[PDB]
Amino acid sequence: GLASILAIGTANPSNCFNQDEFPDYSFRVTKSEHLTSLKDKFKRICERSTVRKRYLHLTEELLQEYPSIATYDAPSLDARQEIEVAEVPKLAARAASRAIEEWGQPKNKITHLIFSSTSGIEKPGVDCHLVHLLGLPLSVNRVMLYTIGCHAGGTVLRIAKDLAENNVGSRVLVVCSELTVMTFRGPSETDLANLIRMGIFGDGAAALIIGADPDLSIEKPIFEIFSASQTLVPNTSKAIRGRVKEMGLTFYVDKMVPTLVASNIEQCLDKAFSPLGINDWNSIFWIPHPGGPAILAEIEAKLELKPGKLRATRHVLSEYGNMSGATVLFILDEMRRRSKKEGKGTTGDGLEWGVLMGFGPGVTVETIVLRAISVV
């Protein structure tokens, strides 16, 4: 049958930053408190973000130990790499442990590992580090995806489906582990995209167990991955940009990205749901990647979605910020948990069919058709 999500675990850095206090904090540790005009622009960015809290690995203590990271352009990649090759696997392990505990099965039955990370590019990779941290079998088939990034939630589900469905008895540990250590830099009037980034983006790791043909005596499917499509939006390379440089990972998101996504989402939805004869975008549950509040606003407006469709998505954006590829997996967890707490008939807010969408560099749209499972 279809590749099924059997368990979902999440983890965040232990340090929590309230958005109210973040402009004061960020401008102090980057020695920028004298840039009162720029700090005012960032408070406004933070007020419109709809982000209330984020978890960040970067503390004032780490910036004091690695002062190059607190600047904008100073050579800092070695420092960032030293932090992330250690921390990306550790956070991944915390999320994978929660996923494996919910799953309830022994780690000997994990046959595949898909690991997506922006950070910690190294040989051997954070996928190997995770195998040794979790004590996974040495024979686990690994797919290490470095630097995708924001659509990676859809990417790992697309790859997990084919691995799970082509290997009888296979159980796929999927992990997205995202720290902002690699992209964090001091504020500048010469980089608006990075002001937005330092307002919206938070750290997090989400892990899940995928298998086809679960043993229903011991395993509980939460969602089925019905189909997975990727597409490029034509002539939109350069709309979402990042390069690994001596200053770490650079970051650019164009102000037109909300419009570009909303302008293309209908084609993706039509290709995904026409085979099912589904047409009404209010009749399916929604897991859109919350790049920011503007992208969610434009999707709602364009598809004329009812006021509550994106409740789960907005909750995760508000409570954790944008955790890149991990975010949609956090939203899957939020949706199934809210569904149980509100006594809905399915894991997908009482609805049978759902869409999960990643938006990232390309510009790339990852469209996953999910089937919810009946709760009783």
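Numbers follow the displayed sequence, beginning with 1.
*Can you tell me which stretch has the higher mean Cα B-factor, 320 to 328 or 344 to 352?*
It is 344 to 352 that shows the higher mean C-alpha B-factor.
*asked:* Can you tell me whether 178 to 186 has a higher mean C-alpha B factor than 261 to 269 in this record, or the other way round?
replied: It is 261 to 269 that shows the higher mean C-alpha B-factor.
*From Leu173, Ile200, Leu296, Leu157, pick the one with the largest CA B-factor in the entry?*
Among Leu173, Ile200, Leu296, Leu157, the highest C-alpha B-factor in the entry belongs to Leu296.
*Could you tell me which one of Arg80, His151, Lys109, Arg243 shows the highest CA temperature factor in the PDB record?*
Going by the entry's C-alpha B-factors, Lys109 comes out highest.
_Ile210 - which third its CA temperature factor falls in, relative to the rest of the chain_ = Lowest third of the chain for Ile210's C-alpha B-factor.
_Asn141 by Cα B-factor - lowest, middle or highest third of the modelled chain_ = Ranked within chain, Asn141 CA B lands in the lowest tercile.
*Going by the entry, which third of its chain does the Cα temperature factor of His57 land in?*
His57: CA B-factor falls in the lowest third of its chain.
*asked:* Please say which third, lowest, middle or highest, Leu91 falls into when its CA temperature factor is compared across its chain.
replied: Lowest third - that is where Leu91 ends up once the chain's C-alpha B-factors are sorted.
*Using the B-factors in the PDB entry, rank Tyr252's C-alpha atom against the chain and give the third, lowest, middle or highest.*
Tercile = middle for this residue's CA B-factor.
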